[PDB]
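Heads up, the thing below is written out as structure tokens.
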Amino acid sequence: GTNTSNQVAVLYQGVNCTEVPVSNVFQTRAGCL
Amino acid sequence: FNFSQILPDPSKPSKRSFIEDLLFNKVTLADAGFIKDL
Ligand SMILES: *[C@@H]1O[C@H](CO)[C@@H](O)[C@H](O)[C@H]1NC(C)=O
């Protein structure tokens with residue numbers, strides 16, 4: 001929420017994102033963080 | 001009173017107890033993993 005900062009993080013829903021990730025990668029059962 | 005079957009067995013792999021496990025297996029449904037019923 002902008003009232004505090006303006007930094008955000010990204011999540012891809014369905015991907016083996018090690019493979020097609022298109023810093024700070026981390027794999028989840030729910031996708032790419 | 002012996003609440004053995006219902007109380008979760010530590011040795012059981014899943015924390016699910018005897019009765020709980022039986023139930024899960026009966027219903028033919030287990031989506032293991034969600035990185036993608038058809
Ligand atoms: C992503 O792909 C690699 C390739 O071998 C695989 O080892 C890994 O298990 C995959 N990720 C998931 C969450 O299955």
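Every residue, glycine as well, gets a Cβ built from its backbone with ideal geometry; the counts of neighbours run over all protein chains shown. A short reminder: the numbers here are calculations on the coordinates, not readings from a lab.
Structure values in brief
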item	result
Every residue from the stretch B:9-38 that is within 14 Å of chain A (Cβ to nearest Cβ) and either touching a strand residue (DSSP E or B) at 6+ places or on another chain (Cβ under 6 Å) or surrounded by 10 or more Cβ atoms within 10 Å (Cβ to Cβ) (or both)	B:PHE34, B:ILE35
Filtered residue count, the stretch A:2-33, keeping only those that are exposed (fewer than 10 other Cβ atoms within 10 Å of the Cβ), within 13 Å of B:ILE35 (Cα to Cα) and away from the ligand (no atom under 12 Å from the Cβ)	0
